Every structure is written in structure tokens, then in C-alpha cells.
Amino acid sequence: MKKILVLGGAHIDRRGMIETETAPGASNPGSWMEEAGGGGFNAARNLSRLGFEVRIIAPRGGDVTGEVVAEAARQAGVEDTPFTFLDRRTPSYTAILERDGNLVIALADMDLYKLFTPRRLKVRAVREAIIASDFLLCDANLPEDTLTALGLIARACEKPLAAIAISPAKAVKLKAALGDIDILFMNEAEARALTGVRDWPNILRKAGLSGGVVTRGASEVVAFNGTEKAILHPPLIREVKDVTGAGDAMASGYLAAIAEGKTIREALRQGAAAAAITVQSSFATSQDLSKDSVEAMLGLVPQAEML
């Protein structure tokens, strides 16, 4: 598996920080930091950083913010082939923070994703992107019916499909597609939401999900597939005490391991290494992900146990 196609979100993340003491409910002097984000987009960048040939299809506006996302794609080596709607704005997450980093309030405009309908997913151009790929990844930013239709296409094309849950609210959108998803990445809350730690595999398999990863807190992770499950040990003294992030990094490291054909025990430890790299300091980010950095962090990752 060399080529991964991602179908999911890619938004602008704009963060405004107040420069002085906060005046609540009023104007404050500040300055804006912008960067690209979105579960699918972040995972796409990560997979590219880990050596895969990655392409992404995300709903995109005809604006400069969309071009900022496109540029961040190119910087990470991701082929950006957007579903462009020239009259519309690229989705955005805008936060205003106090000088001390406290979140005052954030506004998400994600409506553009509603345009990615099953009808649009079914166009020849998207099917050909799928046929050109070796592995698919989606996220639950896409509409529910689109996710189900995507599952049917993956089936018909015999393409492996992975999914990122994004949030407990969004996870439920994956319910009909479950039987067509080879690996679903989620945390504790998203698992409860879609389903109704070593227990997740049998609960989830009867829900029709043949494999996935569920994370809990800083240090517990379960991975499963059609016949197997594995779990992470608590860290020893010398070992890394946080192996969980936003979710992109775990997914990317795990999926990278599976796509290279490693065991779920090995995939578990790689995903953990990848997550740990992104959270090992206040300043750590997924830009620090590479095959070499994962290789370097792996010796610090607790052992995994098949069950």
C-alpha cells in the first residue's frame, strides 16, 4: 500500500489572542495566527510525513483561506485535489483566547461539508481517485449518507477503508458504514456515542465494525481486527507517560503500520509512538512526525499485549 486517498475535512484554524488583560464582553487588542487543520487533513499530512503518497479531497471555497490550506497540503507533500465551490467560503474554526491561553469562545463554520453529498461522491472523477488509491481514509465531517455511500464504493472497489470519528456528535454518522470500515479511530466518548477498555472489540464487532482503535486518557489503548485484539501496558519509570493526542497522530501511526502490513500489536506501538511525539513538550507538534522520529520514540513506548 503506497497510495492513500483521504476524503474529509480540511479547514482554516484562526486563533486570536488578547495582548493585555481581558475586558470581557468588550473589544480587546489582539493578533491572529492562522493555520490549516481538520481531522482528515491532519491525518493526510501525517501519513505523507511517514512516507506515503497521499492525496486529499475536501470541500473547499473559492477564497484565500482555501489557498492557505492548499499551501499547507503542498508543504507536507499531500496532493490537494479539492471539491471547490468558487462562490463559497472554506470551512473555518475561529477562537479568541485570553493572553494566558484560556479559550474565551470559538465559532465553527463547517456548513460547506454538507455539499459533499452522495450524488457528488458518485461522480466518475471521485471513483477514479478511489481506483488510483491503495487505501482510503475518511472522517465523520462528511454527511452520514455520504459516509454510507463511500463504504459501498470501497466495498465494490476492494479498497480498505479507515475512518476518524472526530467527535461523539459526529461518530454516529458512521453507523451504516460500519460494516465497510476496516479501521475506525476513536477515543472513549466517541465509542460510547456510536455504540450505544479491553471490552470495546466484542461490543464493537457485533455493531458490525471489524476493526478499530479506542483510546482512554493518557495511557490506555485497545486495538482490534477480525480475530485479534491488543492493549497497551502502563508505562514503566523510563517510559513515555502520554501516548494520546488530538487523534490524528495515533491514527496516522497505526494506519501507517497496518498499510505496511505489521501486526495490530506493532501498529498499536507505532501509533502510540506517533501520538507521544506530538505531545512530548508544550511545543511538540505533528510537524515532528517522520519515520525516523517514530523509530526514535518507539523504544520508550510501553509493550503491547495480544489478548
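Residue indices: 1-based, along the sequence shown.
Counting only residues from the deposited sequence, how many are left out of the model between residue 226 and residue 227 (none, 1 to 3, 4 to 9, 10 or more)? Gap between residue 226 and residue 227: none, chain continuous.
Of 249-257 and 39-47, the stretch whose C-alpha atoms average the higher B-factor in the entry: Mean CA B-factor is higher for 249-257.
Using the B-factors recorded in the PDB entry, average over the C-alpha atoms of 187-195 and of 103-111, then report which stretch comes out higher. Going by the record's values, the stretch with the higher mean is 187-195.
Go through 7, 300, 307, 4 one by one and give the residue whose Cα B-factor in the PDB entry is largest. Highest CA B-factor of the listed options: 307.
Check the PDB entry and point out which of 124, 170, 119, 89 has the largest C-alpha temperature factor. Comparing C-alpha B-factors across 124, 170, 119, 89, the maximum falls on 170.
Looking at the entry's B-factor column for C-alpha atoms only, identify whether residue 202 ranks in the lowest, middle or highest third of its chain. Answer is highest: the recorded C-alpha B-factor places it there.
What third of its chain, lowest, middle or highest, does the C-alpha temperature factor of residue 58 fall into? As the PDB entry reports it, the C-alpha B-factor of residue 58 lands in the lowest third of its chain.
Residue 151 - which third its CA temperature factor falls in, relative to the rest of the chain: Residue 151: CA B-factor falls in the middle third of its chain.
How does the C-alpha B factor of residue 80 compare with the rest of the chain: lowest, middle or highest third? It belongs to the middle third of the chain when residues are ordered by C-alpha B-factor.
Among modelled residues of the same chain, the CA temperature factor third for residue 71: Middle third.
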